[PDB]
Amino acid sequence: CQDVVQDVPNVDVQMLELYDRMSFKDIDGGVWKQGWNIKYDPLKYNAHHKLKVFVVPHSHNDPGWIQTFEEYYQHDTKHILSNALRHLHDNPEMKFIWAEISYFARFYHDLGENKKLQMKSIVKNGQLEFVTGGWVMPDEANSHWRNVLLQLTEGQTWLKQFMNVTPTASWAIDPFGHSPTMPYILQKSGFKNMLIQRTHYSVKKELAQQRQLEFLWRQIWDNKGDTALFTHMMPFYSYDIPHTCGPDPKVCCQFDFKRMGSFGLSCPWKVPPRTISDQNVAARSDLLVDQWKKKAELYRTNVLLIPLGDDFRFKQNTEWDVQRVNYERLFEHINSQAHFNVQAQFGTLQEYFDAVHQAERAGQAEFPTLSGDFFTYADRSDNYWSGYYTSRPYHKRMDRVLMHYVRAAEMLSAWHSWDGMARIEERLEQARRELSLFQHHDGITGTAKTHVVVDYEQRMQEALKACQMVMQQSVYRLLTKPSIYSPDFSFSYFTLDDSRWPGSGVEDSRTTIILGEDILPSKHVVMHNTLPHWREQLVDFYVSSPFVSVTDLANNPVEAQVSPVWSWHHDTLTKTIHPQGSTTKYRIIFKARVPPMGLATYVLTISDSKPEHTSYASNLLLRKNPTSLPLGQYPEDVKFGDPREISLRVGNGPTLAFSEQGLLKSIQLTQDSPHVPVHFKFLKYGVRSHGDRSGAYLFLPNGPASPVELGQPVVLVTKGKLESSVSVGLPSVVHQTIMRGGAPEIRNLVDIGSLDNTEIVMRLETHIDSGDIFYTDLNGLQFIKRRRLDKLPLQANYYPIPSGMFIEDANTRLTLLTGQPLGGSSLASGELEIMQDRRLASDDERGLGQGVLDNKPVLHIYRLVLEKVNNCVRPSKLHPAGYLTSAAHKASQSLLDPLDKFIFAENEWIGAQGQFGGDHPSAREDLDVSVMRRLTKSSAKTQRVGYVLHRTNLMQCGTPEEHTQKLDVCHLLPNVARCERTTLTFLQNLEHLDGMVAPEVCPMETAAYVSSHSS
Ligand SMILES: *[C@@H]1O[C@H](CO)[C@@H](O)[C@H](O)[C@H]1NC(C)=O
Ligand SMILES: CS[C@@H]1[C@@H](N)[C@@H](O)[C@@H](O)[C@H]1O
Ligand SMILES: [Zn+2]
């Protein structure tokens, strides 16, 4: 294994280093507005060294943006694909690249057989080429690496099955900035090349100047370079035709033959295209070749990539003709005029890369190495695209919920082969596809029109219901005596209970377990643990009586705590935000202990009075002017008092002190220790009254944030043996700090209401001497060092926080883990901040044509880990990565992949069993089985099950922490006959494994394995 901590990679371009050196001046470069006037030597190209030009036709098709997926499919994409098929069939020389498999699959399945065959033939013959081959072209900022993989696999599995092709070149022209998570996954999925486009205009200028726009992109910790993937960054402002022929868009626009008038398009530079004729072809070619030779100066080989396309292009037959015929006249002239020394033709993306690497092998060029990312993007001036790190945060949180439910459904159902009538494969395919669709760069980003957001939400809701059905059928099969098991595949044996989605105050969607002497004495509940190690976690359920006790399936008592059910109400009469208690529903909380990738059953039983092993929380309501708060049978009366500072400690864990407004002020780790200042504060950013306005994409604050005026908020303290909390009703946020004996959990019920032109931020203020350094993650995969740059505006110092961020000095670290992607930063030493929601009246002029006014209540979740790090073995000051500790990593897992809870729906579960998976290996804590997926249907003689294994890297801080077991995924199911290492999509076998044993992976590595079973 490579050491990912102690060896700083030597690379030609390291993006943090480059950022520190660059000036970011936005000067007028002339016709290339963000560059300079490119010069070339006409003698560079000659009869023995020609410029090879590949014109690559393409059409960018968003799976939802202004229209829904289906609306675009009906109005545009089905015609584009139908006309591509006809035109490429009839014109053997014409080429076209296609990216979005969600659309292609929808189209292909609707084709008659004769046309399916024609389509297969133009792909087989190389005219139509798939690039990337994912279900979508995903966002790279907010997406979790697990879901980027899921959608890539969904599209490529479809392509292998129906087209018989697996792309090895990736095309990502539209995500708003770029992540090294992409080359990481692609390179482990058989890819050899990738292309990107939306990077900061200053970065394009800088790399262009050094001919570093093509580079071998390796991971920031990779000293050897085995993660490296060849990457091509396009040089200009857009991928449209005006910005792809060369530096001068007034010229390139004249070579977009759809812009002459009849298609309702024109050139903003006020010079139109003209149809190519024998009388103008020479002068037109003079102009175009000069653009091409200018572009070619920015690159190292004699092979030039010229994309030819734009959004939803190549729709009309007459459009295919006008582009093809005019380009063909140009090619015939140029290629026959030796003085140009150019050979130009239509080509595909792969053809481009193959010729580039042929030039490389001939010794004509060597490429620089690069590590780092390409956030935060700005396309011009101070317009930084950090708003979409937060836009539509309800659906951002929904993404992470569905992410986990898809994993749990695939894993629970993977243990068995299912009859087709169970509709398991059907429901799993729907769930994967709707989650995969939402990875689109207008889905999770929150940059789609309101009605499209609705469509993505409805699709995800159906996906959640699909996952629940599969999960609950799987639990029933796994925990029922086989000779008793009698499934109705349409029946609901269990319902899922989820405490944090949609979350209390977002939906009264939690079912109460109804017990009573005259109806039902007891209820079975089951917990699933998708992680491959034993896990204990507190779980809660609503019950109809406070007098409930818990047993395990050996009838051993389990310690439990009952608390009231509190709901917060904005009282339009008294103009206060205050909590109400239920007088008929209560919460019971107990510690569940669940095997690795396993299940554990418990029983809740009512009694007529307080049970021996159940305790009751106290409750203290702090406000002036209190009124009574009855709680039915709950055995402890609520107490009242004026607002005051309070301190809490659960178990032997930290002691937390809170201000009289209910906000954290300090954390004391142990009995002896300092009360370390750690202050939560809520603030608001506004919008500029003159100049550019914030919108779905752009964050353009009118200065630093101002504190939210809190008034005198109502504070509720619940103190229990197992769980305590402080909750406060602030304007727009019910803010909750929950303590279970370790790092607290924070929950914010965020309802920005009708506060127009407002962004609500949650800030942590500490005295940690972090200076200008902080760390944020990329796609939940890795943590990258950030440096706050005062030479850039505030919004440029915002980065994606897809799952966590931290600051540290020599002694102390504070880590905030998230259950949803949001934007954030550290705008001053000792600070962390993360945006909660944003409501914007204005559009930001990128084409969406609306502001963001469709906010809805969202429950954001966090864990907050304050730790001593003076003993941790950390990377050197020059290393671009950072790494979590064990506690911070486990805290992240508790948010992203909590225990699943199932409530038995009927009165009696006959043949019920107490546990599944007690014999599963309990793997080392840094190892995860990210995916478990059965790959075969029940009719296959040879069953195959796929596993993705990911090992993170955790800091060595002096904890001996050992005693675990080797996890060999290939032996998890019986009767193994073969074990293969595969690409991460499972589509190609890479290694036939000795003894049928899947080795564990190295820190920061991910591998896939497929086990084959004869049973
Ligand atoms: C699928 O592609 C491979 C590539 O070598 C080819 O050998 C095989 O015959 C193809 N199967 C078909 C034509 O369906
Ligand atoms: C950023 S403009 C971009 C458009 N190019 C469109 O494809 C959609 O993705 C929108 O967000
Ligand atoms: Zn797009």
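Hydrogens, waters and symmetry mates play no part in the numbers below; they use all other heavy atoms, side chains included. Numbers here simply count residues along the sequence, with the first being 1.
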Contact between [X] and [Y] at the side-chain level, heavy atoms closer than 4.5 Å - yes or no?
X    : Y    : value
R392 : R397 : no
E660 : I646 : no
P875 : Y883 : yes
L827 : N797 : yes
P731 : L710 : yes
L822 : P393 : yes
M762 : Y862 : yes
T614 : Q561 : no

Sort out for me which residue in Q836, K684, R838 forms a side-chain hydrogen bond (donor to acceptor under 3.5 Å, both in side chains) with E759.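 Among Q836, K684, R838, the one that satisfies the side-chain hydrogen bond (donor to acceptor under 3.5 Å, both in side chains) with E759 is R838.
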
Rounded to the nearest 0.5 Å, what separation is found between the [atom1] atom of [X] and the [atom2] atom of [Y]?
X    : Y    : atom1 : atom2 : result
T495 : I903 : OG1   : CD1   : 4.5 Å
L816 : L864 : CG    : CG    : 6.0 Å
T551 : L604 : OG1   : CG    : 8.0 Å
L781 : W145 : CG    : CH2   : 7.0 Å
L859 : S504 : CG    : OG    : 8.5 Å

Salt bridge (charged side-chain N to carboxylate O under 4.0 Å, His left out): which pairs involve residues 864-873, sequence neighbours left out? none

What side-chain hydrogen bond (donor to acceptor under 3.5 Å, both in side chains) pairs are there with at least one residue in residues 816-830, not counting sequence neighbours?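 Applying side-chain hydrogen bond (donor to acceptor under 3.5 Å, both in side chains) to every pair that reaches into residues 816-830, excluding sequence neighbours, yields nothing.
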
Let me have the donor-acceptor pairs involving side chains of residues 711-722, under 3.5 Å, with sequence neighbours excluded, atom names and distances please.
residue : atom : partner : partner atom : Å
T718    : OG1  : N619    : OD1          : 2.9

With a distance cut-off below 6.0 Å to the six-membered ring centre and an angular limit of 45° from the axis, does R510 pair with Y542 as a cation-pi contact? yes

Ring-face cation of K610 near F547 (centre distance under 6.0 Å, axis angle within 45°):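 Cation-pi check for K610 and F547: fails.
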
For the [atom1] atom on [X], are there more than 12 heavy atoms of other groups (residues, nucleotides or ligands in this structure) within a distance under 6.0 Å?
X    : atom1 : value
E645 : CD    : yes
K585 : NZ    : yes
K681 : NZ    : no

Taking distance alone, no hydrogens or angles, what donor-acceptor pairs closer than 3.5 Å link side-chain atoms of residues 955-962 to residues at least two apart or in another chain?
none

Considering only residues two or more places apart or on different chains, which pairs with a residue in residues 637-664 satisfy ring pair (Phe, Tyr, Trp, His ring centres under 6.0 Å)?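 Those involving residues 637-664 do not exist here.
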
State, to 0.1 Å, how close [X] and [Y] come at their nearest heavy-atom pair, and which atoms those are.
X     : Y    : answer
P1003 : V4   : O-CG1, 3.7 Å
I752  : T758 : CD1-O, 3.4 Å
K396  : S391 : NZ-O, 2.8 Å
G771  : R788 : O-NH1, 3.2 Å

Would you confirm whether [X], through its side chain, and [Y], through its main-chain N or O, come within 3.5 Å as a donor-acceptor pair?
X    : Y    : value
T512 : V543 : no
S724 : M739 : no
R863 : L895 : no
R747 : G503 : no
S666 : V678 : no
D809 : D769 : yes

From CA spacing to verdict: side chain to side chain donor-acceptor pair (under 3.5 Å), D571, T576: CA-CA 5 Å; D571 190 336; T576 54; 4.6 Å; no

Distance-only side-chain donor-acceptor flag, [X] / [Y], under 3.5 Å:
X    : Y    : answer
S732 : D751 : no
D897 : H404 : yes
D926 : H889 : no
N748 : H735 : yes
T964 : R924 : no
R535 : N529 : yes
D777 : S803 : yes
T670 : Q668 : no

Determine whether the aromatic ring centres of residues [Y] and [X] are separated by less than 6.0 angstrom.
X    : Y    : answer
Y405 : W501 : no
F806 : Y775 : yes
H528 : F902 : no
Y685 : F699 : yes
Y602 : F590 : yes

Audit row: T776, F783, side chain to side chain contact (heavy atoms under 4.5 Å, CB included) steps and yes/no: CA-CA 5 Å; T776 64; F783 280 77; 5.9 Å; no

Can you say whether the rings of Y634 and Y586 are parallel (under 30°), tilted (30 to 60°) or perpendicular (over 60°)? parallel

Before accepting this row, confirm whether a basic side-chain N of the pair [X]/[Y] lies closer than 4.0 Å to the acidic partner's carboxylate O.
X    : Y    : result
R587 : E723 : yes
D928 : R407 : yes
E559 : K591 : no

Would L629 and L621 count as a side chain to side chain contact (heavy atoms under 4.5 Å, CB included) here? Give the steps. CA-CA 9 Å; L629 285 169; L621 205 261; 3.6 Å; yes

Please evaluate residues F541 and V548 with respect to the criterion side chain to side chain contact (heavy atoms under 4.5 Å, CB included), reporting the C-alpha separation (whole Å), side-chain torsions for both, the decisive distance (0.1 Å), and the verdict. CA-CA 11 Å; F541 293 89; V548 176; over 6 Å; no

When you look at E925 and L954, which way does the side chain to side chain contact (heavy atoms under 4.5 Å, CB included) test go after all the steps? CA-CA 9 Å; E925 59 173 341; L954 302 173; 3.9 Å; yes

With sequence neighbours left out, write down each residue that passes side chain to side chain contact (heavy atoms under 4.5 Å, CB included) with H569, or none if nothing qualifies.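 Side chain to side chain contact (heavy atoms under 4.5 Å, CB included) check on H569 returns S567, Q580.
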
